[PDB]
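Here the structure is laid out as structure tokens; the discussion comes afterwards.
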Amino acid sequence: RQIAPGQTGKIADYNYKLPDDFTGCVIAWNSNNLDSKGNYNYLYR
Amino acid sequence: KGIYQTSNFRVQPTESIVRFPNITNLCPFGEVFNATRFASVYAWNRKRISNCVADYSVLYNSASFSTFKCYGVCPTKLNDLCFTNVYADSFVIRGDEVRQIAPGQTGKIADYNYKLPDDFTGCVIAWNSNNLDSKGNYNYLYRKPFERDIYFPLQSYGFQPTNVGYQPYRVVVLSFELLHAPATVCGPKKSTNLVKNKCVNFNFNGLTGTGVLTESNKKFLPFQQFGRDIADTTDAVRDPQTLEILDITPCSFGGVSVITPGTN
Amino acid sequence: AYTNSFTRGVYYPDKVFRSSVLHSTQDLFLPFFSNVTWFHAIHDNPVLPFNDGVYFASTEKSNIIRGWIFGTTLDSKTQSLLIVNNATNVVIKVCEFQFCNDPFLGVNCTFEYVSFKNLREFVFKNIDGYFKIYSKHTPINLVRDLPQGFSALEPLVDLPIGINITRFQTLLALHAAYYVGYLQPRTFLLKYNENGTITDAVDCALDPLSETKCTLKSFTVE
Amino acid sequence: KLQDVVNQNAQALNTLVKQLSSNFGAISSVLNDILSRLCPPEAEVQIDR
């Protein structure tokens, strides 16, 4: 939900910022069948 | 050939004069967000927060909040912007009913027991309470804007840890008062020294702008804060640390005309 | 028992200084030349409605009037303001007091604040829970009526009480008349002087001369 | 006829200056109060009014 042109947050401000004039598509789906394990390789800043 | 008007001379501001009241007390948000027992929605608490320094960045960086929805402030600038009174509305509701808490929504939480104004200025801060409020927890019941409503119209909840949409959500609604007044709650931004008779970039109590702060004879009354112009721009302010009265003349400007003969 | 309300009920509608400007505003004011109710303290404090704000005055010589009791039921069932001024301090409480049937003074609390010749013109109203006291004292020499003249009213105290008020009552110091205006949504046109003090105001619904003064935004109608 | 030329132009400037105190649908007529209280996705809606 924070991945949108206009949203602010610790995924929006810190590590992955979208332009507010963005042209494109945000395509999201789950990865419960493959990425779920204690899977610790995914980090954020 | 002839006189041609091209641009606008504007004296650029030299420095920035940030000014705030020199109070160092911290605002007790910890008594609100980390309180033990929240009151119910029909008897939501209205805690006045005043005469302190409100670090909203602590409340914005913590990941313990489900939704953090600000309707009129866009909370990045809460540190610079500073208010008079901040009112925290603490109550616990059903999980799906947080969506009805918005300026503009209608519903049996919106119309019946807790109504928001459609011109609301503040932030709706919601998170879950499955670890503490879930038991058959029956103490939470439900029944004009900001109207505490003290066959029956009194209907009670049932909260259990087995219940997502029925989990008890702790929601705190901060209401902001932007009345032009002596401000009390102001965020952690340091005040600088004041420089008179120089084109500076001032900031008094959350009023931005650019002007030449001079001394005045405009005797304000001891409740008056701002002096205004005909065109609603602020003409005179009162320095919130040393209570003197300062004119705001905007910096020297004028049209620039380029007198030329022909380039022929 | 009524009397005339010549020019009274003119307060500073906001905390913003303005000088030498004929600013128009729309707020709850006392209408000019209306009926203010004349009361007694001689040889008298019933329960007065509130409907849309309440003007107050008190021609005083020895500080007889010393208290206010607001609310809706006023018998410790709902919250009740009790502004007490015992000659040295201003004690303001909103507790549910066990009042008497005739409360006076002999010669769940959510807030507490502790600080004829005189006319103590007071204004009391609620704006979305923000109870606002507007007040002004002045030296007068008149025993019978409101003195004809003009003087503006400044604020002292805002109160975020959130109390539903429909009725009230004042208090007395028994061993001094007092007036009850009623505030109405009357547009005024305030005349701020060079010092930012209201020297004149024009009620925009009094007579069709006054609507002409409001439309032109001027006081000298040609 | 000559005082009216002075009056009708001081009237039309003092109507133009008083238009700055109108909200026009926006939340505040002060442009430096929208920029200090709103985020640039939302503030560009208010300033365009």
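Residue numbering for chain B follows Swiss-Prot, covering 310-444, 447-454, 462-468, 489-501, 503-603 in order.
This entry, so its header tells us, was determined using electron microscopy, 2.7 Å.
Cβ atoms are placed via backbone N, Cα and C, with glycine included.
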Any idea which of B:319-335, B:587-603 is down as region 'Disordered' in Swiss-Prot?
B:319-335
What are the DSSP helix, strand and coil residue counts for the region 'Disordered' (B:319-335)?
0 helix, 6 strand, 11 coil
Out of B:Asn343, B:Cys361, B:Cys379, B:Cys538, B:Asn603, the recorded positions in the record, which is closest to B:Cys525 (disulfide bond) when you go by Cα distance?
B:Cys361
Count the other Cβ atoms sitting within 10 Å of the Cβ of B:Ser325 (O-linked glycosylation site), across every protein chain shown.
12
